[PDB]
Structures are given as structure tokens and as C-alpha cells.
Amino acid sequence: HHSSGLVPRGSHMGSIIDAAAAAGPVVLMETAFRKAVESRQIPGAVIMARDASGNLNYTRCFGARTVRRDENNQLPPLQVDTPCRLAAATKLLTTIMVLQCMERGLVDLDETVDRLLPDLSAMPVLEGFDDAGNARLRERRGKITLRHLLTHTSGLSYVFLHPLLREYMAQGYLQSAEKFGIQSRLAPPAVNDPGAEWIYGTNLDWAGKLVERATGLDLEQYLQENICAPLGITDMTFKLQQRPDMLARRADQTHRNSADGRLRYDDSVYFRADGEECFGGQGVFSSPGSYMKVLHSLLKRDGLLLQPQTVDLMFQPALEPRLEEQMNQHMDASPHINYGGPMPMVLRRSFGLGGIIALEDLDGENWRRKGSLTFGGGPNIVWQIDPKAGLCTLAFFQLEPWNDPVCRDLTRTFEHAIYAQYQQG
Ligand SMILES: CCC(C)(C)C(=O)O[C@H]1C[C@@H](C)C=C2C=C[C@H](C)[C@H](CC[C@@H](O)C[C@@H](O)CC(=O)O)[C@H]21
């Protein structure tokens with residue numbers, strides 16, 4: 001029997017083991033993250049999950065925001081409020097800003113870009129190269145609309161992804177299209193006509209210019225007034241170099257070397273210069289906490305950023321059958337790029353406004369459902385919103401290259417565990 005005036009706890013090996021039940025999925029998953037930090041496989045990570053109701057409000061932070069030791073010879077922690085490089089996780093923010101312009105009657109999604117982006121309309125299509133080493137350029141067929149930009153179906157690509165453009169750079173055509181070591185996302189030509197194929201490209205850099213020109217505000221000021229202010233966010237900016245308080249606390253980028261799998265400090269150009277202009281495809285710095293506030297508002301359909309019916313538009317498959325099948329073919333054949341991060345490498349998908357849409361359940365009732373929206377950012381950041389499950393999640397790393405196996409595996413383990421314990425319906 002228990003001791004007088006003391007709580008009856010476990011008094012021997014039998015009842016102490018039985019004092020608490022076995023470890024559930026989330027506890028086991030946290031141990032995997034702690035082991036990855038301890039064994040030096042990752043620098044650190046922040047993982048977050050929320051439902052609409054508020055009953056799920058889960059945030060865990062592991063490890064360091066850098067591999068560089070501080071003034072006290074320590075590795076400072078990656079925190080929920082640590083300023084991080086979002087890279088392509090910026091695209092969701094820019095998509096929201098575009099849709100607000102639509103709501104306010106400043107733009108129409110199906111109007112051609114010619115009016116606000118005559119500099120894009122005038123850009124030719126790079127068809128190939130001549131034998132002497134000269135670009136063969138031609139006129140675009142059909143018009144680019146704002147909806148082509150939001151769905152990556154405009155004909156635009158990225159220089160570091162398409163072979164025609166990689167050659168274009170090698171020939172010296174983009175020597176003068178860069179400042180502070182940051183290359184312009186507006187200078188390079190298109191590689192196809194609009195509507196022809198899904199191609200990942202500088203579409204949101206152009207869409208951000210459209211927002212600036214539609215509103216008469218620079219994207220930074222538009223961001224502050226229309227996304228940050230309504231959510232009470234004070235640390236989300238294109239202009240990190242103008243915020244000494246964020247600079248003093250920011251993450252460093254870490255890179256994993258292909259040869260020995262070791263983590264090294266990545267002296268990224270993006271952390272020493274903001275660049276002259278706001279690039280809505282890649283340019284925002286923020287904390288995981290503030291990014292989750294964006295995801296959560298969208299999940300809740302609380303009208304703080306967009307009207308609920310406009311948010312619903314983001315989750316609708318935007319691609320006609322021909323493009324849907326071409327995008328899926330491309331993505332299935334490109335696991336070395338892997339736009340979908342932790343998702344199964346073969347999956348029926350479409351593209352919405354702001355990310356990839358799952359057209360089927362990822363694993364029946366165990367994980368993300370049909371209708372879920374997702375994308376990511378370079379440093380292994382992955383976000384998703386799942387209206388059917390009533391969940392949104394984010395996994396924030398500051399580690400390149402994209403599609404790192406350790407990060408992807410941990411991210412999958414995180415989501416699986418959260419869905420197993422907390423998914424509803
Ligand atoms: C500039 C990087 C960008 C496009 C904003 C970005 O976040 O896309 C990420 C997001 C992810 C969902 C899909 C991606 C598709 C293709 C790439 C492997 C890309 C990461 C490339 C990056 O590791 C190297 C660049 O940073 C080079 C440069 O900036 O010149 C990666």
C-alpha cells in the first residue's frame with residue numbers, strides 16, 4: 001500500500017513501467033529527429049502542425065540554426081521564431097498577393113499580361129541554337145495570362161533547369177543581367193508557348209511585378225500591409241539586410257557535400273544581399289512560426305488574407321487533361337527534381353493556384369487526402385494544407401540541396417505520426 005501523505009507512484013520495476021503507456025507515433029518520431037541532430041546528420045529542424053479548431057497546436061524545434069560556432073563557442077538553436085530563407089516557399093505568399101488584387105478588382109485571372117507586363121509580352125521564345133553559336137529566337141504563339149503565371153504554364157523556365165537556357169547562359173547572354181551575384185529572374189527568354197506544357201519557372205517573379213504595377217506599391221510594402229499586418233507578423237520581409245534584429249538571430253544555410261555527406265557552412269549570396277528588386281518566386285525571409293500563421297489562416301478560412309471562396313479556388317485542379325497528364329509524366333520521370341518532396345514518387349496530381357494538388361489519397365486514410373495542396377522551398381522546407389483531414393503541416397530545415405534523403409525521410413515520419421494520432425474524419 002502507498003505511503004502516508006504521498007502520491008501512490010510506481011514502487012518497483014513492475015508498476016513503474018506500467019505507470020505510463022507505450023510510446024505513440026509522435027514520441028517515436030521526435031526521437032528520430034533528436035537522433036538525426038545528435039549523430040550530426042542534420043543541423044536542425046522545426047516541425048509544426050495545426051488543425052482549425054485549435055485542439056492541435058504542435059511545434060517542435062530540434063538542433064541548431066547553423067554549423068558555425070558563435071562567440072561563446074556554441075551552436076545556437078533553431079527556434080520557431082528564427083529568421084529563415086524561404087526560397088520557393090515564397091511562391092504561396094505571392095500567389096495570395098495576386099489573388100487579393102483579383103478580389104479588389106485590380107486584375108482578372110484570364111486577362112493577358114500585356115497591359116501590366118509589356119516587358120514579358122515582348123519576350124521571345126528560345127527555340128534552339130544555330131551551329132555558329134547563335135540563339136534562334138521566335139515570336140510567342142498565343143498570349144500569357146495571369147492564370148498561366150500562377151499555374152507554371154506560361155512557357156517560362158529556370159536557367160538552372162532547362163538545357164536550352166543552360167546553354168544560353170554559357171554563351172554569355174546573361175552576364176549583364178545580375179547584381180550582387182544575384183541573377184535577374186526577368187531577363188531570360190521563354191522556352192515554350194503558353195498553355196503548351198507545365199514548366200517550373202520564374203512565373204511568380206513576374207506575377208510579383210504585376211502586383212507592384214497593379215497597386216503602385218513595391219512588393220515589400222504590399223507584403224507588410226496585406227499579409228503581415230492582418231496576421232500580426234513582424235518578421236517577414238524581402239529586405240533582410242534592413243533588419244538588424246533579424247540579422248543578429250538568423251539561420252545560416254547549411255550544405256551537404258555530395259562526396260562525403262558531411263554538413264558544411266553555405267556562404268549563400270542570398271544571405272549577404274537582398275538584391276535591388278523583390279522576386280516573388282524566392283525572396284522572402286521569415287520564421288517557421290509566421291509561415292504557419294499563413295497556412296493556418298488558409299486552413300481556417302477565416303477571411304484574414306482572402307475570402308473563403310477565393311481560397312477554395314487555390315485548391316481546384318487548374319489543368320486541362322492534356323496538361324495534367326504531361327505534368328504527371330514529367331514529375332513521375334523526375335524524382336531527381338522531386339517537386340512534391342515527401343509525397344510518393346508516383347502519384348496522380350494536378351496544379352492549383354499556389355501549389356501541387358493531390359488527386360488521390362497518398363495512403364488511404366493513413367496520410368494526406370485527395371484535395372491536399374503542397375509545395376516547398378530549396379532548403380528542404382515543405383508545407384501542405386489538407387482540408388479533408390482538417391490539418392496543415394510544415395517542416396522547416398535550412399539545408400541544401402533540395403530533396404535531401406535524410407530530410408525527406410524525417411518529414412515523411414513527422415507527417416505520418418501527426419496523421420496517425422491527430423487526423424480527424
Ligand atoms: C531559386 C530556387 C527556387 C526555384 C526558388 C526553389 O526554391 O526551388 C526549389 C523548390 C522545390 C519545391 C523545387 C525545386 C526544383 C528544382 C530545383 C532543384 C530547386 C532548388 C534549386 C536550388 O537548390 C539551387 C538554386 O538556388 C540555384 C540558384 O539560385 O541559382 C527546387
# chains A, B, ... in the order shown; residues from 1 in each chain; ligands from 1
>>> closest_atom_pairs(of="segment 59-177 of chain A", to="segment 244-259 of chain A", cutoff="12 Å", atoms="only C-alpha atoms", output="CSV")
residue,atom,partner,partner_atom,distance
A:63,CA,A:251,CA,11.6
A:64,CA,A:251,CA,8.4
A:65,CA,A:251,CA,4.7
A:66,CA,A:252,CA,5.0
A:67,CA,A:254,CA,7.0
A:68,CA,A:252,CA,8.1
A:69,CA,A:252,CA,11.0
A:70,CA,A:249,CA,11.1
A:75,CA,A:251,CA,11.0
A:76,CA,A:249,CA,9.2
A:77,CA,A:251,CA,9.0
A:78,CA,A:251,CA,7.2
A:79,CA,A:251,CA,9.3
A:80,CA,A:251,CA,11.3
A:81,CA,A:249,CA,9.0
A:82,CA,A:250,CA,5.8
A:83,CA,A:250,CA,4.6
A:84,CA,A:251,CA,5.6
A:85,CA,A:251,CA,7.8
A:86,CA,A:253,CA,11.0
A:87,CA,A:253,CA,11.4
>>> residues_near_ligand(ligand="ligand 1", cutoff="6 Å", atoms="only C-alpha atoms and all ligand atoms", output="JSON, numbers by chain")
{"A": [87, 88, 281, 282, 337, 339, 375, 376, 377, 378, 401, 402]}
>>> atom_distance(atom1="atom CA of residue 260 of chain A", atom2="atom CA of residue 38 of chain A")
17.9 Å
>>> residues_around(residues="residue 230 of chain A", least_positions_apart="3", cutoff="7 Å", atoms="only C-alpha atoms", output="NGL selection string")
:A and (226-227 or 304)
>>> write_last_selection(atoms="C-alpha atoms", output="short mmCIF file (atom, residue, chain, number, x, y, z; two decimals), in the first residue's frame")
data_model
loop_
_atom_site.label_atom_id
_atom_site.label_comp_id
_atom_site.auth_asym_id
_atom_site.auth_seq_id
_atom_site.Cartn_x
_atom_site.Cartn_y
_atom_site.Cartn_z
CA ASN A 226 -1.70 42.83 -46.77
CA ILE A 227 -0.20 39.66 -45.29
CA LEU A 304 -7.92 37.46 -42.82
#
>>> atom_distance(atom1="atom CA of residue 42 of chain A", atom2="atom CA of residue 290 of chain A")
22.7 Å
>>> select_by_dssp(residues="segment 195-315 of chain A", states="alpha helix (DSSP H)", output="mmCIF file with N, CA, C and O atoms, in the first residue's frame")
data_model
loop_
_atom_site.group_PDB
_atom_site.id
_atom_site.type_symbol
_atom_site.label_atom_id
_atom_site.label_comp_id
_atom_site.auth_asym_id
_atom_site.auth_seq_id
_atom_site.Cartn_x
_atom_site.Cartn_y
_atom_site.Cartn_z
ATOM 1 N N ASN A 203 7.662 32.358 -63.074
ATOM 2 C CA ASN A 203 6.294 32.848 -63.145
ATOM 3 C C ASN A 203 5.852 33.748 -62.001
ATOM 4 O O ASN A 203 5.125 34.709 -62.221
ATOM 5 N N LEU A 204 6.282 33.440 -60.784
ATOM 6 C CA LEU A 204 5.902 34.248 -59.617
ATOM 7 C C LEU A 204 6.782 35.493 -59.407
ATOM 8 O O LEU A 204 6.385 36.418 -58.703
ATOM 9 N N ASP A 205 7.964 35.520 -60.015
ATOM 10 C CA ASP A 205 8.761 36.737 -60.111
ATOM 11 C C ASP A 205 8.037 37.763 -60.994
ATOM 12 O O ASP A 205 7.902 38.939 -60.639
ATOM 13 N N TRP A 206 7.530 37.296 -62.130
ATOM 14 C CA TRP A 206 6.715 38.130 -62.995
ATOM 15 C C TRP A 206 5.374 38.502 -62.342
ATOM 16 O O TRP A 206 4.958 39.660 -62.397
ATOM 17 N N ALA A 207 4.714 37.545 -61.691
ATOM 18 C CA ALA A 207 3.446 37.846 -61.014
ATOM 19 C C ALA A 207 3.616 38.904 -59.923
ATOM 20 O O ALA A 207 2.762 39.779 -59.757
ATOM 21 N N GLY A 208 4.732 38.850 -59.200
ATOM 22 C CA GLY A 208 5.045 39.881 -58.220
ATOM 23 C C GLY A 208 5.226 41.262 -58.843
ATOM 24 O O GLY A 208 4.780 42.260 -58.284
ATOM 25 N N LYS A 209 5.880 41.338 -59.996
ATOM 26 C CA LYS A 209 5.937 42.609 -60.729
ATOM 27 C C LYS A 209 4.529 43.108 -61.071
ATOM 28 O O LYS A 209 4.260 44.304 -60.987
ATOM 29 N N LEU A 210 3.646 42.187 -61.459
ATOM 30 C CA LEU A 210 2.272 42.532 -61.812
ATOM 31 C C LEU A 210 1.548 43.158 -60.625
ATOM 32 O O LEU A 210 0.881 44.170 -60.774
ATOM 33 N N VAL A 211 1.704 42.559 -59.446
ATOM 34 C CA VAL A 211 1.164 43.111 -58.197
ATOM 35 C C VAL A 211 1.676 44.520 -57.907
ATOM 36 O O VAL A 211 0.908 45.400 -57.516
ATOM 37 N N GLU A 212 2.982 44.727 -58.086
ATOM 38 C CA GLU A 212 3.595 46.030 -57.837
ATOM 39 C C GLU A 212 3.024 47.093 -58.758
ATOM 40 O O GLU A 212 2.745 48.216 -58.337
ATOM 41 N N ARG A 213 2.857 46.722 -60.020
ATOM 42 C CA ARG A 213 2.355 47.643 -61.028
ATOM 43 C C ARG A 213 0.846 47.867 -60.914
ATOM 44 O O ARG A 213 0.369 48.957 -61.195
ATOM 45 N N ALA A 214 0.105 46.846 -60.495
ATOM 46 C CA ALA A 214 -1.338 46.983 -60.269
ATOM 47 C C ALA A 214 -1.666 47.860 -59.059
ATOM 48 O O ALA A 214 -2.712 48.514 -59.026
ATOM 49 N N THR A 215 -0.778 47.877 -58.069
ATOM 50 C CA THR A 215 -1.053 48.557 -56.806
ATOM 51 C C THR A 215 -0.285 49.852 -56.602
ATOM 52 O O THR A 215 -0.624 50.635 -55.715
ATOM 53 N N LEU A 219 6.708 45.338 -53.680
ATOM 54 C CA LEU A 219 6.171 44.089 -53.135
ATOM 55 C C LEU A 219 6.375 43.992 -51.627
ATOM 56 O O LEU A 219 5.556 43.390 -50.929
ATOM 57 N N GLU A 220 7.477 44.551 -51.138
ATOM 58 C CA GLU A 220 7.759 44.602 -49.700
ATOM 59 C C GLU A 220 6.661 45.326 -48.940
ATOM 60 O O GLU A 220 6.169 44.815 -47.933
ATOM 61 N N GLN A 221 6.288 46.520 -49.407
ATOM 62 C CA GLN A 221 5.250 47.291 -48.728
ATOM 63 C C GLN A 221 3.897 46.593 -48.858
ATOM 64 O O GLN A 221 3.137 46.561 -47.899
ATOM 65 N N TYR A 222 3.604 46.036 -50.035
ATOM 66 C CA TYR A 222 2.357 45.294 -50.230
ATOM 67 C C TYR A 222 2.284 44.092 -49.271
ATOM 68 O O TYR A 222 1.260 43.870 -48.611
ATOM 69 N N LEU A 223 3.367 43.321 -49.209
ATOM 70 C CA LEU A 223 3.504 42.210 -48.254
ATOM 71 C C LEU A 223 3.200 42.635 -46.809
ATOM 72 O O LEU A 223 2.403 41.983 -46.122
ATOM 73 N N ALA A 229 0.509 42.432 -41.605
ATOM 74 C CA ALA A 229 -0.291 43.235 -40.672
ATOM 75 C C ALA A 229 -1.549 42.526 -40.165
ATOM 76 O O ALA A 229 -1.775 42.477 -38.955
ATOM 77 N N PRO A 230 -2.361 41.951 -41.071
ATOM 78 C CA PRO A 230 -3.578 41.262 -40.617
ATOM 79 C C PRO A 230 -3.323 40.027 -39.750
ATOM 80 O O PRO A 230 -4.216 39.606 -39.019
ATOM 81 N N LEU A 231 -2.135 39.438 -39.857
ATOM 82 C CA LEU A 231 -1.773 38.258 -39.078
ATOM 83 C C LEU A 231 -0.901 38.594 -37.872
ATOM 84 O O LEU A 231 -0.508 37.688 -37.145
ATOM 85 N N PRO A 244 18.395 44.685 -38.720
ATOM 86 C CA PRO A 244 19.492 44.221 -37.857
ATOM 87 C C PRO A 244 19.067 43.226 -36.782
ATOM 88 O O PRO A 244 19.842 42.344 -36.436
ATOM 89 N N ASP A 245 17.864 43.398 -36.240
ATOM 90 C CA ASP A 245 17.318 42.477 -35.241
ATOM 91 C C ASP A 245 17.102 41.045 -35.785
ATOM 92 O O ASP A 245 17.343 40.072 -35.079
ATOM 93 N N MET A 246 16.662 40.914 -37.033
ATOM 94 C CA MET A 246 16.557 39.589 -37.671
ATOM 95 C C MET A 246 17.934 39.047 -38.078
ATOM 96 O O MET A 246 18.212 37.860 -37.888
ATOM 97 N N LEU A 247 18.800 39.909 -38.616
ATOM 98 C CA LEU A 247 20.180 39.524 -38.969
ATOM 99 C C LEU A 247 20.952 38.928 -37.788
ATOM 100 O O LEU A 247 21.676 37.936 -37.931
ATOM 101 N N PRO A 288 9.521 30.053 -39.131
ATOM 102 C CA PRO A 288 8.522 28.984 -39.293
ATOM 103 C C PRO A 288 7.186 29.367 -38.668
ATOM 104 O O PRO A 288 6.135 29.093 -39.245
ATOM 105 N N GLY A 289 7.243 30.003 -37.498
ATOM 106 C CA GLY A 289 6.046 30.483 -36.787
ATOM 107 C C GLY A 289 5.141 31.385 -37.610
ATOM 108 O O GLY A 289 3.913 31.192 -37.675
ATOM 109 N N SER A 290 5.742 32.383 -38.242
ATOM 110 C CA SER A 290 4.989 33.304 -39.079
ATOM 111 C C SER A 290 4.467 32.620 -40.344
ATOM 112 O O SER A 290 3.344 32.901 -40.774
ATOM 113 N N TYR A 291 5.259 31.721 -40.935
ATOM 114 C CA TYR A 291 4.775 30.959 -42.101
ATOM 115 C C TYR A 291 3.558 30.098 -41.754
ATOM 116 O O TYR A 291 2.565 30.073 -42.502
ATOM 117 N N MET A 292 3.604 29.416 -40.613
ATOM 118 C CA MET A 292 2.452 28.642 -40.159
ATOM 119 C C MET A 292 1.211 29.522 -39.950
ATOM 120 O O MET A 292 0.095 29.084 -40.203
ATOM 121 N N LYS A 293 1.385 30.765 -39.508
ATOM 122 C CA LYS A 293 0.227 31.666 -39.395
ATOM 123 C C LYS A 293 -0.477 31.843 -40.749
ATOM 124 O O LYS A 293 -1.705 31.943 -40.803
ATOM 125 N N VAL A 294 0.289 31.851 -41.835
ATOM 126 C CA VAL A 294 -0.299 31.932 -43.170
ATOM 127 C C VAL A 294 -1.097 30.673 -43.515
ATOM 128 O O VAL A 294 -2.272 30.755 -43.907
ATOM 129 N N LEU A 295 -0.468 29.513 -43.325
ATOM 130 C CA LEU A 295 -1.099 28.219 -43.590
ATOM 131 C C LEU A 295 -2.376 28.034 -42.772
ATOM 132 O O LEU A 295 -3.409 27.627 -43.301
ATOM 133 N N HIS A 296 -2.289 28.351 -41.487
ATOM 134 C CA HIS A 296 -3.405 28.184 -40.558
ATOM 135 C C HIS A 296 -4.623 29.059 -40.897
ATOM 136 O O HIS A 296 -5.781 28.610 -40.769
ATOM 137 N N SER A 297 -4.367 30.299 -41.307
ATOM 138 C CA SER A 297 -5.438 31.215 -41.747
ATOM 139 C C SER A 297 -6.160 30.651 -42.967
ATOM 140 O O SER A 297 -7.397 30.709 -43.063
ATOM 141 N N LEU A 298 -5.395 30.098 -43.900
ATOM 142 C CA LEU A 298 -5.973 29.477 -45.086
ATOM 143 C C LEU A 298 -6.795 28.240 -44.699
ATOM 144 O O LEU A 298 -7.910 28.061 -45.183
ATOM 145 N N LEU A 299 -6.261 27.402 -43.813
ATOM 146 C CA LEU A 299 -6.997 26.229 -43.337
ATOM 147 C C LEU A 299 -8.308 26.639 -42.677
ATOM 148 O O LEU A 299 -9.348 26.047 -42.943
ATOM 149 N N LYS A 300 -8.244 27.641 -41.806
ATOM 150 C CA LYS A 300 -9.415 28.099 -41.052
ATOM 151 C C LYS A 300 -10.446 28.820 -41.916
ATOM 152 O O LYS A 300 -11.583 28.982 -41.488
ATOM 153 N N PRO A 308 -13.032 33.110 -48.129
ATOM 154 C CA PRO A 308 -13.082 31.649 -48.222
ATOM 155 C C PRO A 308 -13.273 31.097 -49.634
ATOM 156 O O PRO A 308 -12.591 30.153 -50.011
ATOM 157 N N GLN A 309 -14.167 31.682 -50.422
ATOM 158 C CA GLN A 309 -14.362 31.196 -51.789
ATOM 159 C C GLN A 309 -13.132 31.400 -52.688
ATOM 160 O O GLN A 309 -12.943 30.653 -53.640
ATOM 161 N N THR A 310 -12.310 32.408 -52.401
ATOM 162 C CA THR A 310 -11.079 32.622 -53.182
ATOM 163 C C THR A 310 -10.039 31.578 -52.795
ATOM 164 O O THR A 310 -9.335 31.046 -53.652
ATOM 165 N N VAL A 311 -9.957 31.271 -51.503
ATOM 166 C CA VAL A 311 -9.082 30.204 -51.031
ATOM 167 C C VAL A 311 -9.482 28.874 -51.684
ATOM 168 O O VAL A 311 -8.615 28.120 -52.129
ATOM 169 N N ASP A 312 -10.786 28.605 -51.777
ATOM 170 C CA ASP A 312 -11.276 27.381 -52.428
ATOM 171 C C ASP A 312 -10.752 27.250 -53.857
ATOM 172 O O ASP A 312 -10.422 26.151 -54.303
ATOM 173 N N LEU A 313 -10.647 28.370 -54.563
ATOM 174 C CA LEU A 313 -10.093 28.391 -55.920
ATOM 175 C C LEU A 313 -8.650 27.860 -55.980
ATOM 176 O O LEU A 313 -8.263 27.195 -56.949
ATOM 177 N N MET A 314 -7.872 28.118 -54.932
ATOM 178 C CA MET A 314 -6.473 27.675 -54.886
ATOM 179 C C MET A 314 -6.330 26.157 -54.922
ATOM 180 O O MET A 314 -5.358 25.627 -55.476
#
>>> closest_residue(among="A:270, A:279, A:367, A:129", to="residue 171 of chain A", atoms="only C-alpha atoms")
A:129
>>> atom_distance(atom1="atom CA of residue 345 of chain A", atom2="atom CA of residue 333 of chain A")
8.9 Å
